[PDB]
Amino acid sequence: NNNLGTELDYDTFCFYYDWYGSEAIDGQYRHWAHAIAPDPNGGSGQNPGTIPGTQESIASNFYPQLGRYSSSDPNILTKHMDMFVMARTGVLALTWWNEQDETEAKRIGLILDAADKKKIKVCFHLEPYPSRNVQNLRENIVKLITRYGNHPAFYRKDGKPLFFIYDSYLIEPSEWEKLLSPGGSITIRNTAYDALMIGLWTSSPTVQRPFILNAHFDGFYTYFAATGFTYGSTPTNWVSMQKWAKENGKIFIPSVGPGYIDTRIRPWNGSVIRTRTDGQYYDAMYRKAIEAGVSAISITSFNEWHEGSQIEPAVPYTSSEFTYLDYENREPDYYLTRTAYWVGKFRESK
């Protein structure tokens, strides 16, 4: 029955990426090495090349305290779960790409096991995998609930699993309705595979309100850590988004993050940079979410190192190939402990 102000919050979801590899464990320094994206407005014949994922040159503007780690290393996973405990983030929202490979399956099991040791829960963030559609989504939801639903770390809210659906707008509401209306042709409602389905609110209310209603989503999130990147990721809209959610029986889970920078992998994307300012950016965004009066908050991200949105500890590093950004006047674990601060403020408000 403790009341220490240190406990995990199970309405706080932190987006987690399990796609990092090491040569030793995975055969390649996966994701630390990454293709550089061509400029979509830069014309033909670009040869942007690749970041090689050497110790000196990784696919991030920051540098992990844990180095070029493997997401399959149980010892890294232990450390990450201890970081979630420090942050008070009770739910790990795991990227899920439907890779259909044994190394994926192994990783997911390792993450569930490590999470449970620290009473962390896991939900899935369903990514835009090839030919994703409501039929294979249903099949995959069935598979995930069947495989993992009895694992003690599998997240439930009032008895239901929860999924975040990235880029949900890539599927028409008429298709979503088949899966998510109680009357839908292939409904999950009232079945063993029912779940809270949280779609991505992107653009203006004139588009998103009917999308969400007609698709029969249970709620919506915003993902992007960069303020103003979309209507949904503009925090001054969050009070009105929450009002609409409450009026329509939907769960709004705004996404907050500490900054954004992706110019190692997208050199042309500098206008999306959002400076961390020693934590002031994160504070401002988190405060807006709490002030909007929401029931749940998502954090972009634990470890999306390519996009510079991570709260995972980063260290100063200057190599012969790149001078990395770092947490400046703040210590490496600052964003974990600042997350814990905001989780406490959120709980005080709840």
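Numbers follow the displayed sequence, beginning with 1.
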> Quick one: higher average CA temperature factor, 12-20 or 325-333?
Replying inline: 325-333
> Comparing 63-71 with 314-322, which stretch shows the greater average C-alpha B-factor in the deposited entry?
Replying inline: 314-322
> Going by the entry, which of 136, 150, 271, 95 has the most elevated CA B factor?
Replying inline: 150
> Which one, 167, 177, 104, 218, has the peak C-alpha temperature factor per the PDB entry?
Replying inline: 104
> For residue 29, does the deposited CA B-factor place it in the lowest, middle or highest third of the chain?
Replying inline: highest
>> For the chain shown, is the CA B-factor of residue 197 in the lowest, middle or highest third of its modelled residues?
In response: lowest
> How does residue 291 rank on Cα B-factor within its chain, lowest, middle or highest third?
Replying inline: highest
> Which third of the chain does residue 142 land in by C-alpha B-factor: lowest, middle or highest?
Replying inline: middle
> Can you tell me which third, lowest, middle or highest, the CA B-factor of residue 160 falls into for its chain?
Replying inline: highest
